[PDB]
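Visitor: following this: a sequence and the matching experimental structure.
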Amino acid sequence: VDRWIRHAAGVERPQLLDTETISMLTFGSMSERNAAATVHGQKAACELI
Amino acid sequence: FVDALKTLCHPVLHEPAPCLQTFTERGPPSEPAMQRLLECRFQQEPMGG
């Protein structure tokens, strides 16, 4: 069901981050790369129920 | 569209051979989440029984 969810949402798997990379990521990391091209600007939104 | 019938009846819209050629140039799918649609089989088999 996790593979089905990752397919349905388009977001990829973590693909097994190492535990040192996990402590890196909870220390801080820039995971998301830049897009192909932006004409308006940097994206910004969030969500609340 | 009665003006547009000088364009729609040209065979250049009814010749997908460069389109099929470009689709062959793209070849098979590469992303794994779209590895679930190549299970279309056009083959040959008898029709007797």
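Guide: Cool, got the structure. Numbers count the residues shown, from 1 in each chain, chains lettered A, B, ... in the order given.

Visitor: and the lengthiest helix in chain B, how far from the chain's centre?
Guide: Longest helix of chain B, by residue count under DSSP state H: helix B:17-26. In terms of C-alpha atoms, centre = their mean, to the nearest Å, the centre of helix B:17-26 is found 9 Å from the chain centre.

Visitor: measure residue A:27 to residue A:37 for me?
Guide: 31 Å (C-beta to C-beta, to the nearest Å). The C-beta positions use only the backbone N, C-alpha and C, and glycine is treated the same way.

Visitor: so between these two, which is more surrounded?
Guide: residue A:27 (8 against 5; other C-beta atoms under 10 Å in any protein chain shown).

Visitor: phi, psi for the more buried one please.
Guide: phi -80, psi -30 (degrees, to the nearest 10).

Visitor: where exactly do the helices run in chain B?
Guide: B:5-8, B:17-26.

Visitor: could I get the longest one in CSV with only the CA atoms?
Guide: In CSV, the C-alpha atoms belonging to helix B:17-26 read as follows (Å, rounded to 0.1, in the frame of the first residue of the first chain):
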residue,chain,number,x,y,z
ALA,B,17,4.6,8.3,-39.7
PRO,B,18,6.9,11.0,-38.4
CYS,B,19,4.8,10.9,-35.2
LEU,B,20,5.2,7.2,-34.9
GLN,B,21,8.9,7.6,-35.7
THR,B,22,9.3,10.2,-32.9
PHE,B,23,7.4,7.9,-30.5
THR,B,24,9.8,5.1,-31.4
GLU,B,25,12.7,7.5,-30.8
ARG,B,26,11.4,8.0,-27.3
